[PDB]
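Q: File data_3.cif follows (mmCIF, C-alpha atoms and all ligand atoms):
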data_structure
loop_
_atom_site.label_atom_id
_atom_site.label_comp_id
_atom_site.auth_asym_id
_atom_site.auth_seq_id
_atom_site.Cartn_x
_atom_site.Cartn_y
_atom_site.Cartn_z
CA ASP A 10 0.00 0.00 0.00
CA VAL A 11 2.99 2.31 -0.44
CA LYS A 12 1.42 3.50 -3.68
CA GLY A 13 -1.88 4.09 -1.89
CA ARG A 14 -0.20 6.14 0.85
CA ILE A 15 1.49 8.30 -1.77
CA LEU A 16 -1.88 8.91 -3.47
CA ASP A 17 -3.47 9.74 -0.09
CA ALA A 18 -0.79 12.31 0.62
CA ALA A 19 -0.82 13.70 -2.91
CA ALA A 20 -4.58 14.19 -2.70
CA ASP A 21 -4.14 16.29 0.42
CA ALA A 22 -1.22 18.25 -1.06
CA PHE A 23 -3.06 19.09 -4.29
CA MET A 24 -6.09 20.08 -2.22
CA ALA A 25 -3.95 22.43 -0.16
CA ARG A 26 -2.03 24.20 -2.93
CA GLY A 27 -3.56 23.21 -6.28
CA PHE A 28 -1.86 21.37 -9.10
CA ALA A 29 0.29 24.26 -10.34
CA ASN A 30 1.98 25.12 -7.03
CA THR A 31 2.05 21.62 -5.58
CA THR A 32 5.47 20.02 -5.97
CA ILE A 33 6.85 16.53 -5.53
CA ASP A 34 8.66 17.80 -2.44
CA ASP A 35 5.28 18.79 -1.00
CA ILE A 36 4.03 15.23 -1.60
CA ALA A 37 7.16 13.57 -0.26
CA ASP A 38 6.72 15.78 2.79
CA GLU A 39 3.02 14.87 3.17
CA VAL A 40 3.54 11.12 2.74
CA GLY A 41 6.84 10.96 4.62
CA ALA A 42 8.88 9.05 2.05
CA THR A 43 11.66 10.04 -0.28
CA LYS A 44 11.46 11.44 -3.76
CA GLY A 45 13.25 8.28 -4.90
CA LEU A 46 10.41 6.06 -3.73
CA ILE A 47 7.80 8.36 -5.26
CA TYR A 48 9.58 8.30 -8.61
CA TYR A 49 9.85 4.53 -8.43
CA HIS A 50 6.06 4.37 -8.46
CA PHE A 51 5.22 7.44 -10.58
CA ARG A 52 6.73 9.18 -13.60
CA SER A 53 5.87 12.81 -12.82
CA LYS A 54 3.69 15.14 -10.79
CA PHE A 55 1.01 15.00 -13.47
CA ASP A 56 1.09 11.19 -13.45
CA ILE A 57 0.40 11.30 -9.69
CA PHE A 58 -2.44 13.79 -10.28
CA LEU A 59 -4.09 11.47 -12.83
CA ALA A 60 -3.66 8.49 -10.48
CA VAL A 61 -5.29 10.41 -7.61
CA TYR A 62 -8.26 11.29 -9.84
CA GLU A 63 -8.61 7.66 -10.99
CA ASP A 64 -8.30 6.25 -7.48
CA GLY A 65 -10.82 8.76 -6.12
CA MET A 66 -13.35 7.67 -8.71
CA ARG A 67 -12.58 4.00 -8.02
CA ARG A 68 -13.14 4.43 -4.30
CA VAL A 69 -16.45 6.27 -4.58
CA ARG A 70 -17.82 3.80 -7.17
CA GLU A 71 -16.86 0.83 -4.98
CA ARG A 72 -18.58 2.43 -1.99
CA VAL A 73 -21.76 3.54 -3.76
CA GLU A 74 -22.45 0.83 -6.34
CA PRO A 75 -23.50 -1.84 -3.77
CA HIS A 76 -26.31 0.42 -2.61
CA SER A 77 -27.60 0.72 -6.18
CA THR A 78 -28.27 -3.05 -6.32
CA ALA A 79 -29.43 -3.76 -2.78
CA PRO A 80 -33.13 -4.44 -2.26
CA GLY A 81 -35.12 -1.23 -2.02
CA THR A 82 -37.27 1.18 -3.93
CA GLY A 83 -35.65 3.79 -6.12
CA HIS A 84 -36.04 6.29 -3.26
CA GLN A 85 -34.46 3.91 -0.73
CA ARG A 86 -31.54 3.08 -2.98
CA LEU A 87 -31.02 6.70 -3.97
CA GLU A 88 -30.92 7.72 -0.29
CA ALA A 89 -28.37 5.06 0.59
CA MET A 90 -26.25 5.95 -2.46
CA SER A 91 -26.36 9.62 -1.64
CA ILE A 92 -25.33 9.08 1.99
CA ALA A 93 -22.45 6.91 0.77
CA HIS A 94 -21.45 9.58 -1.75
CA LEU A 95 -21.29 12.22 0.97
CA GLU A 96 -19.47 9.98 3.45
CA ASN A 97 -16.88 9.44 0.72
CA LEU A 98 -16.66 13.16 -0.02
CA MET A 99 -16.23 14.01 3.65
CA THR A 100 -13.78 11.22 4.46
CA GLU A 101 -11.81 11.35 1.18
CA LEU A 102 -12.04 15.10 0.67
CA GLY A 103 -8.62 15.41 -0.97
CA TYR A 104 -9.57 12.91 -3.64
CA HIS A 105 -12.79 14.84 -4.25
CA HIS A 106 -10.90 18.13 -4.64
CA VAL A 107 -8.43 16.55 -7.09
CA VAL A 108 -11.22 15.11 -9.26
CA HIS A 109 -12.72 18.59 -9.52
CA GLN A 110 -9.36 20.22 -10.12
CA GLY A 111 -8.92 17.76 -12.97
CA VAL A 112 -12.33 18.61 -14.40
CA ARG A 113 -11.53 22.32 -14.12
CA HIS A 114 -8.09 22.08 -15.75
CA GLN A 115 -9.29 19.70 -18.47
CA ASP A 116 -9.01 22.61 -20.91
CA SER A 117 -6.10 24.44 -19.26
CA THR A 118 -3.86 26.16 -21.78
CA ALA A 119 -1.13 25.73 -19.16
CA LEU A 120 -1.01 21.99 -19.93
CA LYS A 121 0.47 20.06 -22.79
CA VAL A 122 -2.03 18.63 -25.27
CA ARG A 123 -1.51 15.06 -24.07
CA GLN A 124 -2.24 16.19 -20.49
CA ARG A 125 -5.58 17.77 -21.41
CA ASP A 126 -6.44 14.62 -23.37
CA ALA A 127 -5.72 12.44 -20.34
CA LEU A 128 -7.98 14.56 -18.12
CA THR A 129 -10.73 14.56 -20.75
CA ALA A 130 -10.46 10.78 -20.95
CA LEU A 131 -11.16 10.54 -17.23
CA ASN A 132 -14.51 12.29 -17.81
CA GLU A 133 -15.77 8.86 -18.82
CA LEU A 134 -15.46 7.61 -15.23
CA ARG A 135 -17.63 10.52 -14.09
CA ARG A 136 -20.17 10.01 -16.86
CA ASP A 137 -20.49 6.33 -15.95
CA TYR A 138 -20.99 7.22 -12.31
CA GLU A 139 -23.74 9.67 -13.27
CA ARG A 140 -25.47 7.03 -15.43
CA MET A 141 -25.82 4.85 -12.32
CA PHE A 142 -27.65 7.60 -10.48
CA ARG A 143 -29.82 8.44 -13.50
CA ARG A 144 -30.93 4.82 -13.75
CA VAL A 145 -31.96 4.77 -10.09
CA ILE A 146 -33.83 8.09 -10.43
CA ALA A 147 -35.67 6.70 -13.45
CA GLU A 148 -36.52 3.55 -11.47
CA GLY A 149 -37.80 5.57 -8.53
CA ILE A 150 -40.05 7.56 -10.81
CA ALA A 151 -41.28 4.29 -12.33
CA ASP A 152 -41.98 2.66 -8.93
CA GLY A 153 -43.68 5.82 -7.69
CA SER A 154 -41.28 6.42 -4.81
CA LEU A 155 -39.95 9.61 -6.46
CA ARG A 156 -41.92 12.54 -7.86
CA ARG A 157 -42.25 12.65 -11.63
CA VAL A 158 -39.45 14.96 -12.80
CA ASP A 159 -37.03 15.24 -15.72
CA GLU A 160 -34.66 12.35 -15.13
CA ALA A 161 -31.54 14.01 -16.60
CA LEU A 162 -32.14 17.31 -14.79
CA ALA A 163 -32.81 15.53 -11.50
CA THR A 164 -29.61 13.55 -11.87
CA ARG A 165 -27.40 16.55 -12.70
CA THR A 166 -29.03 18.53 -9.86
CA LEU A 167 -28.63 15.80 -7.26
CA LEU A 168 -24.99 15.13 -8.06
CA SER A 169 -24.16 18.82 -8.27
CA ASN A 170 -25.81 19.30 -4.91
CA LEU A 171 -24.07 16.37 -3.23
CA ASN A 172 -20.72 17.61 -4.46
CA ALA A 173 -21.60 21.21 -3.42
CA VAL A 174 -21.11 20.15 0.17
CA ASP A 175 -17.47 20.89 -0.68
CA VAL A 176 -18.29 24.61 -0.57
CA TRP A 177 -18.48 24.61 3.23
CA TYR A 178 -17.24 21.21 4.43
CA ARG A 179 -13.76 21.02 5.94
CA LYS A 180 -12.09 18.14 7.75
CA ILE A 181 -12.03 18.35 11.56
CA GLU A 182 -9.27 16.65 13.56
CA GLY A 183 -11.51 14.72 16.04
CA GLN A 184 -14.63 14.30 13.82
CA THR A 185 -15.86 10.62 14.18
CA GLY A 186 -17.16 8.35 11.37
CA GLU A 187 -20.56 7.97 13.11
CA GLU A 188 -20.79 11.80 13.21
CA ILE A 189 -19.83 12.10 9.50
CA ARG A 190 -22.67 9.65 8.70
CA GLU A 191 -25.07 11.75 10.81
CA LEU A 192 -24.10 14.97 8.96
CA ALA A 193 -24.29 13.18 5.57
CA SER A 194 -27.73 11.85 6.57
CA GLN A 195 -28.91 15.36 7.54
CA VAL A 196 -27.90 16.77 4.18
CA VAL A 197 -29.37 13.90 2.19
CA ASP A 198 -32.65 14.23 4.10
CA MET A 199 -32.86 17.79 2.74
CA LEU A 200 -31.72 16.89 -0.80
CA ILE A 201 -34.13 13.97 -1.30
CA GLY A 202 -36.91 14.87 1.14
CA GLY A 203 -36.88 18.59 0.43
CA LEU A 204 -37.23 21.56 2.71
CA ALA A 205 -41.01 21.95 2.51
CA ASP B 10 -24.60 53.23 -18.53
CA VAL B 11 -21.18 53.15 -20.18
CA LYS B 12 -19.77 51.90 -16.89
CA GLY B 13 -22.46 49.23 -16.73
CA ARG B 14 -21.69 48.02 -20.26
CA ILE B 15 -18.01 47.74 -19.39
CA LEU B 16 -18.88 45.65 -16.31
CA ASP B 17 -21.21 43.46 -18.41
CA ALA B 18 -18.44 42.78 -20.90
CA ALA B 19 -15.79 42.31 -18.22
CA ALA B 20 -17.99 39.74 -16.49
CA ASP B 21 -18.18 37.73 -19.69
CA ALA B 22 -14.45 38.09 -20.38
CA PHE B 23 -13.41 36.97 -16.89
CA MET B 24 -15.85 34.07 -17.18
CA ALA B 25 -14.27 33.02 -20.45
CA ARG B 26 -10.58 33.20 -19.51
CA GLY B 27 -10.32 33.75 -15.74
CA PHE B 28 -8.80 36.71 -13.98
CA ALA B 29 -5.15 35.84 -14.64
CA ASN B 30 -5.36 35.49 -18.42
CA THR B 31 -8.08 38.07 -19.02
CA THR B 32 -6.63 41.37 -20.22
CA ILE B 33 -7.97 44.88 -20.66
CA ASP B 34 -7.76 44.31 -24.41
CA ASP B 35 -10.09 41.33 -23.99
CA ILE B 36 -12.58 43.59 -22.17
CA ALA B 37 -12.27 46.45 -24.64
CA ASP B 38 -12.91 43.86 -27.34
CA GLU B 39 -15.95 42.42 -25.51
CA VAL B 40 -17.52 45.81 -24.74
CA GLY B 41 -16.54 47.46 -28.01
CA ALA B 42 -14.97 50.62 -26.62
CA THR B 43 -11.43 51.84 -26.36
CA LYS B 44 -8.91 51.25 -23.63
CA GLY B 45 -8.97 55.01 -23.06
CA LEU B 46 -12.63 54.96 -22.10
CA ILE B 47 -12.15 51.92 -19.88
CA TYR B 48 -9.29 53.60 -18.04
CA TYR B 49 -11.36 56.75 -17.64
CA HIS B 50 -13.81 54.72 -15.57
CA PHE B 51 -11.47 52.17 -13.94
CA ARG B 52 -7.92 52.20 -12.57
CA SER B 53 -6.82 48.66 -13.43
CA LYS B 54 -7.96 45.17 -14.38
CA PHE B 55 -8.29 44.26 -10.72
CA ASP B 56 -10.42 47.36 -10.07
CA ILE B 57 -12.78 46.18 -12.83
CA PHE B 58 -12.84 42.69 -11.29
CA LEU B 59 -13.84 44.08 -7.88
CA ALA B 60 -16.51 46.27 -9.49
CA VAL B 61 -17.98 43.28 -11.36
CA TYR B 62 -18.15 41.30 -8.09
CA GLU B 63 -19.83 44.23 -6.29
CA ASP B 64 -22.29 44.88 -9.09
CA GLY B 65 -23.18 41.19 -9.34
CA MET B 66 -24.00 41.11 -5.65
CA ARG B 67 -25.97 44.36 -5.95
CA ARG B 68 -28.06 43.01 -8.80
CA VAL B 69 -28.95 39.71 -7.15
CA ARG B 70 -29.84 41.39 -3.83
CA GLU B 71 -32.08 43.92 -5.59
CA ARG B 72 -33.85 41.10 -7.45
CA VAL B 73 -34.27 38.74 -4.50
CA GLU B 74 -34.87 41.00 -1.50
CA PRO B 75 -38.40 42.06 -2.57
CA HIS B 76 -39.51 38.44 -2.45
CA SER B 77 -38.25 38.14 1.12
CA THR B 78 -40.74 40.80 2.30
CA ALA B 79 -43.75 40.05 0.12
CA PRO B 80 -46.75 38.40 1.79
CA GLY B 81 -46.30 34.66 2.06
CA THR B 82 -45.27 31.85 4.33
CA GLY B 83 -41.59 31.09 4.79
CA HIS B 84 -41.95 28.33 2.17
CA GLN B 85 -43.65 30.67 -0.32
CA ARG B 86 -41.09 33.41 0.14
CA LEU B 87 -38.18 30.98 0.01
CA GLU B 88 -39.50 29.54 -3.27
CA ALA B 89 -39.87 32.96 -4.86
CA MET B 90 -36.42 34.01 -3.63
CA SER B 91 -34.83 30.86 -4.93
CA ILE B 92 -36.43 31.20 -8.38
CA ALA B 93 -35.20 34.80 -8.51
CA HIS B 94 -31.71 33.69 -7.44
CA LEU B 95 -31.56 31.16 -10.27
CA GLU B 96 -33.01 33.53 -12.87
CA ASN B 97 -30.24 35.94 -11.89
CA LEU B 98 -27.59 33.21 -12.09
CA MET B 99 -28.79 32.09 -15.51
CA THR B 100 -29.27 35.57 -16.97
CA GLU B 101 -26.22 37.20 -15.32
CA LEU B 102 -23.96 34.16 -15.47
CA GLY B 103 -20.76 36.15 -16.00
CA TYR B 104 -21.35 38.11 -12.82
CA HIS B 105 -21.95 34.85 -10.97
CA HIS B 106 -18.69 33.36 -12.25
CA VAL B 107 -16.73 36.48 -11.25
CA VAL B 108 -18.15 36.45 -7.71
CA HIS B 109 -16.98 32.86 -7.34
CA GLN B 110 -13.62 33.57 -8.94
CA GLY B 111 -13.23 36.32 -6.36
CA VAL B 112 -14.12 33.97 -3.52
CA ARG B 113 -11.67 31.39 -4.87
CA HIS B 114 -8.77 33.84 -5.31
CA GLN B 115 -9.44 35.57 -1.98
CA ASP B 116 -6.30 33.85 -0.65
CA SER B 117 -4.32 33.73 -3.90
CA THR B 118 -0.59 34.08 -3.32
CA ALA B 119 -0.52 35.49 -6.87
CA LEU B 120 -2.16 38.70 -5.60
CA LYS B 121 -0.79 41.62 -3.66
CA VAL B 122 -1.86 41.81 -0.03
CA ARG B 123 -4.21 44.75 -0.63
CA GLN B 124 -5.92 42.76 -3.40
CA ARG B 125 -6.64 39.77 -1.17
CA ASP B 126 -7.92 42.18 1.49
CA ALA B 127 -10.31 43.77 -0.98
CA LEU B 128 -11.72 40.38 -2.01
CA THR B 129 -12.04 39.30 1.62
CA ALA B 130 -13.91 42.52 2.35
CA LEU B 131 -16.47 41.62 -0.31
CA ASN B 132 -17.27 38.44 1.63
CA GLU B 133 -19.48 40.65 3.77
CA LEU B 134 -21.90 41.17 0.88
CA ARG B 135 -22.21 37.39 0.54
CA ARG B 136 -22.63 36.88 4.28
CA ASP B 137 -25.40 39.48 4.38
CA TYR B 138 -27.15 37.81 1.47
CA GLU B 139 -26.97 34.46 3.27
CA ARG B 140 -28.41 35.99 6.47
CA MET B 141 -31.52 36.96 4.49
CA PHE B 142 -32.09 33.38 3.43
CA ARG B 143 -31.37 32.03 6.92
CA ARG B 144 -33.99 34.36 8.40
CA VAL B 145 -36.62 33.13 5.93
CA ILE B 146 -35.72 29.47 6.58
CA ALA B 147 -36.07 30.10 10.32
CA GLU B 148 -39.44 31.77 9.72
CA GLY B 149 -40.66 28.89 7.60
CA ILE B 150 -39.73 26.44 10.31
CA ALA B 151 -41.55 28.64 12.83
CA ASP B 152 -44.72 28.92 10.69
CA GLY B 153 -44.65 25.19 9.98
CA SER B 154 -44.34 25.54 6.22
CA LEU B 155 -40.81 24.04 6.28
CA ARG B 156 -39.65 20.83 7.94
CA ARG B 157 -37.79 21.25 11.21
CA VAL B 158 -34.10 21.21 10.26
CA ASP B 159 -30.86 22.90 11.34
CA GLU B 160 -31.32 26.46 10.12
CA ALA B 161 -27.64 27.16 9.37
CA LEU B 162 -27.11 23.84 7.58
CA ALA B 163 -30.29 24.28 5.55
CA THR B 164 -29.20 27.75 4.52
CA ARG B 165 -25.68 26.76 3.47
CA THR B 166 -27.08 23.71 1.63
CA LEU B 167 -29.76 25.65 -0.23
CA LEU B 168 -27.44 28.40 -1.38
CA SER B 169 -24.70 25.95 -2.33
CA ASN B 170 -27.26 24.00 -4.32
CA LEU B 171 -28.72 27.03 -6.09
CA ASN B 172 -25.25 28.17 -7.09
CA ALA B 173 -24.32 24.59 -8.15
CA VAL B 174 -26.53 25.05 -11.17
CA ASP B 175 -23.36 26.68 -12.54
CA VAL B 176 -21.83 23.20 -12.89
CA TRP B 177 -23.97 22.40 -15.92
CA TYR B 178 -25.76 25.61 -16.94
CA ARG B 179 -24.48 27.45 -20.02
CA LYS B 180 -26.03 30.38 -21.86
CA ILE B 181 -27.90 29.53 -25.08
CA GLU B 182 -28.19 32.09 -27.89
CA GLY B 183 -32.01 31.91 -28.39
CA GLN B 184 -33.03 30.89 -24.81
CA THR B 185 -36.08 33.07 -23.77
CA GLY B 186 -36.70 34.68 -20.35
CA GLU B 187 -39.98 32.73 -19.90
CA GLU B 188 -37.99 29.51 -20.57
CA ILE B 189 -35.25 30.50 -18.07
CA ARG B 190 -38.00 31.01 -15.45
CA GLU B 191 -39.44 27.56 -16.30
CA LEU B 192 -36.02 25.88 -15.89
CA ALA B 193 -35.35 27.84 -12.65
CA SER B 194 -38.79 26.76 -11.40
CA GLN B 195 -38.07 23.10 -12.22
CA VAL B 196 -34.84 23.16 -10.24
CA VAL B 197 -36.34 25.00 -7.29
CA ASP B 198 -39.22 22.52 -7.18
CA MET B 199 -36.61 19.80 -6.61
CA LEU B 200 -34.53 21.82 -4.12
CA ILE B 201 -37.43 22.89 -1.89
CA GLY B 202 -39.97 20.14 -2.59
CA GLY B 203 -37.46 17.30 -2.71
CA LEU B 204 -37.21 14.30 -4.96
CA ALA B 205 -39.25 11.88 -2.85
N1 LIG C 1 -17.40 13.38 -5.39
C1 LIG C 1 -16.77 12.50 -6.40
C2 LIG C 1 -15.63 11.67 -5.87
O1 LIG C 1 -14.70 12.45 -5.18
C3 LIG C 1 -16.23 13.47 -7.42
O2 LIG C 1 -17.18 14.15 -8.19
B1 LIG C 1 -18.31 13.12 -8.79
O3 LIG C 1 -19.44 14.15 -9.33
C4 LIG C 1 -20.37 13.41 -10.07
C5 LIG C 1 -19.68 12.58 -11.16
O4 LIG C 1 -20.66 11.83 -11.79
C6 LIG C 1 -18.66 11.59 -10.56
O5 LIG C 1 -17.69 12.44 -10.07
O6 LIG C 1 -18.82 12.26 -7.67
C7 LIG C 1 -17.79 11.55 -7.02
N1 LIG C 2 -25.08 33.62 -7.29
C1 LIG C 2 -24.64 34.86 -6.63
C2 LIG C 2 -24.68 36.08 -7.53
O1 LIG C 2 -24.02 35.85 -8.74
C3 LIG C 2 -23.21 34.58 -6.26
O2 LIG C 2 -23.01 33.64 -5.25
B1 LIG C 2 -23.98 33.94 -3.95
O3 LIG C 2 -23.82 32.57 -3.10
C4 LIG C 2 -24.44 32.77 -1.86
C5 LIG C 2 -23.89 34.03 -1.17
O4 LIG C 2 -24.60 34.19 0.01
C6 LIG C 2 -24.14 35.29 -2.02
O5 LIG C 2 -23.30 35.07 -3.10
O6 LIG C 2 -25.39 34.13 -4.45
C7 LIG C 2 -25.49 35.16 -5.40
#
Rewrite the structure of this file - the entire thing - as structure tokens.
A:
Amino acid sequence: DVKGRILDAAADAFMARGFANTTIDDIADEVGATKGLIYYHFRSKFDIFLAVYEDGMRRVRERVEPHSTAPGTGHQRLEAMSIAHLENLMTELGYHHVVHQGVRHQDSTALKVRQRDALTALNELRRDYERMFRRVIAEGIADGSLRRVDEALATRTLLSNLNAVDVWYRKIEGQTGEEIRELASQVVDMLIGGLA
Amino acid sequence: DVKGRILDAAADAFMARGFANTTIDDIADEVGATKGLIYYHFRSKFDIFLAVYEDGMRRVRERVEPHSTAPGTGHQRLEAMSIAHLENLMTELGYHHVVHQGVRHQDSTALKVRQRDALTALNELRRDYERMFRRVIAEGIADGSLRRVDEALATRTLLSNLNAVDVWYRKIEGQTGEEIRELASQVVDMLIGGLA
């Protein structure tokens, strides 16, 4: 799991300073290993950045997908998926920030062409994740557990809203897992159940 | 309204290229006036950026505040305010992007100290706007038109969600005002009424 520890540290370093100003030294500092070991596993700073994005998307899919196939109505499955999405965002916040840095710099003139192409290619992971939510929203409309709404718009809205927790959420030293689930549950109650 | 036209164009230019790579020439191109006229009204690119942020916040407050004091329950007023917020976002999208660029670069090491201080000072406009929504959410809980929830968390969530329309929304050449209100209304129905 040396590679995984490097990615964990890189996620936090990129979140702190952004891709441009983050350096390998910053990451070697965060992970507490040498530049030599980092370069054994990775070719460049940008290679680490892409790997963080990919791993972040892997981790959230692996956490959320089981809830999409468990027994439940569309509403029940959507609620469980959404709570899992937010628990992942809150507990793997650096990975979340790096995914969205990647999306933002997908067209950065500061990058080489191959680098923009690599970030654009990762959009497919995000699109496939969104398809999973859109299917469940469609199913919840069909089983009557969700209000009849535009499936695509509901999907884009829900995912934008879940991710928008990143506007105000920050990690807290002593915050417990049970407490992160409570907070995630409070937000999802508002997103799915509404304010009215 | 020469000054207003410059701000309109600057908002669109900053939205297109960001603060760093936007230039006065870009703005003079967008507005279709000379650099001389722009410098008559403004001292620098950063001065224009601050003015766009301020004007964006002025415009949204002036549109939304009347709905906060019209007759209605907390739910009714919150719905009207939220629709107005989204109509403003969709119709004044460049101003919205500049406000959030300002918030993001509030701590940019690329800026002089005075520039970060000026952007931090503008946070007060955003805080005062949020207070108006938090009051109405509290009132809707008190009049029973909204579900009992944490007022602060509901406020941060709702505003984050309304703004998160910017993830997917783009201006469309022939999009009508009546159609923008319809789309805004569809989103707000989901935000306030929920998906369930
Ligand atoms: N929060 C994520 C992991 O950190 C990153 O952003 B997102 O947004 C919706 C996309 O469909 C998948 O990518 O959800 C997972
Ligand atoms: N969309 C705005 C105007 O463009 C910009 O962002 B915001 O977010 C919530 C803040 O309380 C006020 O600032 O709402 C208004």
Q: Kindly give the distance, in Å, that separates atom CA of residue A:202 and atom CA of residue B:204, rounded to a single decimal.
A: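 Answer for the atom CA of residue A:202 to atom CA of residue B:204 separation: 6.1 Å.
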Q: Residues within 6 Å of ligand LIG 2 (chain C), counting all atoms listed in the file: report them as a list in words.
A: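 Answer in the requested format: residues 65, 66, 69, 98, 104, 105, 108, 135, 136, 138, 139, 168 and 172 of chain B.
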Q: Give me, as a list in words, all polymer residues having an atom no more than 12 Å from residue A:151, counting all atoms listed in the file and skipping those fewer than 4 positions away in the same chain.
A: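 Near neighbours after the sequence-gap exclusion: residues 82, 83, 84, 144, 145, 146, 147, 155, 156, 157, 158 and 160 of chain A.
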Q: Could you please take those selected residues and save C-alpha atoms as a PDB file, keeping the file's coordinate frame?
A:
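Below is the file that was written, part24.pdb:
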ATOM      1  CA  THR A  82     -37.270   1.180  -3.930  1.00  0.00           C
ATOM      2  CA  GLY A  83     -35.650   3.790  -6.120  1.00  0.00           C
ATOM      3  CA  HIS A  84     -36.040   6.290  -3.260  1.00  0.00           C
ATOM      4  CA  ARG A 144     -30.930   4.820 -13.750  1.00  0.00           C
ATOM      5  CA  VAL A 145     -31.960   4.770 -10.090  1.00  0.00           C
ATOM      6  CA  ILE A 146     -33.830   8.090 -10.430  1.00  0.00           C
ATOM      7  CA  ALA A 147     -35.670   6.700 -13.450  1.00  0.00           C
ATOM      8  CA  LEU A 155     -39.950   9.610  -6.460  1.00  0.00           C
ATOM      9  CA  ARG A 156     -41.920  12.540  -7.860  1.00  0.00           C
ATOM     10  CA  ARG A 157     -42.250  12.650 -11.630  1.00  0.00           C
ATOM     11  CA  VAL A 158     -39.450  14.960 -12.800  1.00  0.00           C
ATOM     12  CA  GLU A 160     -34.660  12.350 -15.130  1.00  0.00           C
TER      13      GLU A 160
END
Q: In file coordinates, which residues lie within 10 Å of (-25.9, 43.8, -17.4) using only C-alpha atoms, given as a count of residues only?
A: 16
Q: Quick one: which residues from chain A are at most 9 Å off chain B, using only C-alpha atoms, as a PDB file with C-alpha atoms, in the frame of the given file?
A:
ATOM      1  CA  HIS A  84     -36.040   6.290  -3.260  1.00  0.00           C
ATOM      2  CA  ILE A 146     -33.830   8.090 -10.430  1.00  0.00           C
ATOM      3  CA  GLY A 149     -37.800   5.570  -8.530  1.00  0.00           C
ATOM      4  CA  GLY A 153     -43.680   5.820  -7.690  1.00  0.00           C
ATOM      5  CA  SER A 154     -41.280   6.420  -4.810  1.00  0.00           C
ATOM      6  CA  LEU A 155     -39.950   9.610  -6.460  1.00  0.00           C
ATOM      7  CA  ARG A 156     -41.920  12.540  -7.860  1.00  0.00           C
ATOM      8  CA  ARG A 157     -42.250  12.650 -11.630  1.00  0.00           C
ATOM      9  CA  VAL A 158     -39.450  14.960 -12.800  1.00  0.00           C
ATOM     10  CA  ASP A 159     -37.030  15.240 -15.720  1.00  0.00           C
ATOM     11  CA  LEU A 162     -32.140  17.310 -14.790  1.00  0.00           C
ATOM     12  CA  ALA A 163     -32.810  15.530 -11.500  1.00  0.00           C
ATOM     13  CA  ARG A 165     -27.400  16.550 -12.700  1.00  0.00           C
ATOM     14  CA  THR A 166     -29.030  18.530  -9.860  1.00  0.00           C
ATOM     15  CA  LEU A 167     -28.630  15.800  -7.260  1.00  0.00           C
ATOM     16  CA  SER A 169     -24.160  18.820  -8.270  1.00  0.00           C
ATOM     17  CA  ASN A 170     -25.810  19.300  -4.910  1.00  0.00           C
ATOM     18  CA  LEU A 171     -24.070  16.370  -3.230  1.00  0.00           C
ATOM     19  CA  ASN A 172     -20.720  17.610  -4.460  1.00  0.00           C
ATOM     20  CA  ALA A 173     -21.600  21.210  -3.420  1.00  0.00           C
ATOM     21  CA  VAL A 174     -21.110  20.150   0.170  1.00  0.00           C
ATOM     22  CA  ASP A 175     -17.470  20.890  -0.680  1.00  0.00           C
ATOM     23  CA  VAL A 176     -18.290  24.610  -0.570  1.00  0.00           C
ATOM     24  CA  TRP A 177     -18.480  24.610   3.230  1.00  0.00           C
ATOM     25  CA  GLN A 195     -28.910  15.360   7.540  1.00  0.00           C
ATOM     26  CA  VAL A 196     -27.900  16.770   4.180  1.00  0.00           C
ATOM     27  CA  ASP A 198     -32.650  14.230   4.100  1.00  0.00           C
ATOM     28  CA  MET A 199     -32.860  17.790   2.740  1.00  0.00           C
ATOM     29  CA  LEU A 200     -31.720  16.890  -0.800  1.00  0.00           C
ATOM     30  CA  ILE A 201     -34.130  13.970  -1.300  1.00  0.00           C
ATOM     31  CA  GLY A 202     -36.910  14.870   1.140  1.00  0.00           C
ATOM     32  CA  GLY A 203     -36.880  18.590   0.430  1.00  0.00           C
ATOM     33  CA  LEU A 204     -37.230  21.560   2.710  1.00  0.00           C
ATOM     34  CA  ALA A 205     -41.010  21.950   2.510  1.00  0.00           C
TER      35      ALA A 205
END
Q: Looking at all atoms listed in the file, which of A:95, A:127, A:60, A:120 is the one that sits closest to ligand LIG 1 (chain C)?
A: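 For ligand LIG 1 (chain C), the nearest of the given residues is A:95.
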Q: Work out how far apart atom CA of residue B:73 and atom CA of residue B:182 are and give it in Å to one decimal.
A: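 Distance reported for this atom pair: 25.1 Å.
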Q: Using only C-alpha atoms, can you tell me which of A:107, A:134, A:119, A:93 comes closest to residue B:29?
A: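 When distances to residue B:29 are compared using only C-alpha atoms, the smallest one comes from A:119.
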Q: For each of A:44, A:123, A:190, A:50, take the minimum atom-to-atom distance to residue A:12, counting only C-alpha atoms, then give the residue where this is smallest.
A: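 That would be A:50, the residue with the smallest distance to residue A:12.
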